[PDB]
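Taken in sequence, the protein lines are chains B and A. Numbering follows the deposited numbering, in which position 34 of the first sequence is assigned residue number 34; successive positions increment by one, without gaps. Numbering follows the deposited numbering, in which position 68 of the second sequence is assigned residue number 68; successive positions increment by one, without gaps. C-beta: ideal position from N, C-alpha, C; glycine also.
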Amino acid sequence: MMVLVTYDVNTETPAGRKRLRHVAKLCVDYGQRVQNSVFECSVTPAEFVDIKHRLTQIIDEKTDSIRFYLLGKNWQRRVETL
Amino acid sequence: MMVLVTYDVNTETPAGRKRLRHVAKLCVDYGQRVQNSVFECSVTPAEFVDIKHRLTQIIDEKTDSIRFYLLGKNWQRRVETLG
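Here it is, written out as structure tokens:
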């Protein structure tokens, strides 16, 4: 299970940056930070549920969002850079 | 094709915020802005080529990057949010 994690946090305050870094740390434990706020994570379903609880606790739910995209097997053949 | 577009730009800079505005304007012609700098686009193979050309004019290649994820049929059943 590869999960692409996209985190929308405003990085123009210390709090937003603090949260991005906290999220970065968690996710990099399970993947690569291909962009500042984008993480290609390889996880099990239980990991994914835990990750999500932790993530819910970090982000500010009223200003921030995270999207999870379940990419298939061979997702690497399905990514392209500009 | 459904293409997820993810754009990495430093919004602590005005020029970076400016470029985000133009990238957004362009991409919201071809899909939905689902977060600040993430776009879900549905494009024909030809429109995808054209959009890449136009994105390349807008972004600063030295400081910015864009990634394109080709998602499959029924990719909407494979997306989940927090927030």
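For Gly31/B, the three-state secondary structure derived from DSSP is strand.
At least 9 Å separates the CB of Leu20/A from every CB of chain B. Using a Cβ-Cβ cut-off of 8 Å, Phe68/A is close to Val79, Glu80, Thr81 and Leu82 of chain B, given in chain order.
DSSP places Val43/A outside both helix and strand once states are collapsed to three, so it counts as coil. Per the DSSP secondary-structure output, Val5/A pairs in a beta bridge with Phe39/A and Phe68/A.
Between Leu71/B and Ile51/B, the gap from beta carbon to beta carbon reaches 9 Å or more. For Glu47/A, there are no C-beta contacts with chain B under 7 Å, since the nearest C-beta of that chain is about 15 Å from it. When rounded, the separation of the alpha-carbon atoms in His53/B and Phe68/B is 14 Å. Closest in C-alpha terms to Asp29/A, from the list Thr13/A, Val5/A and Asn10/A, comes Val5/A.
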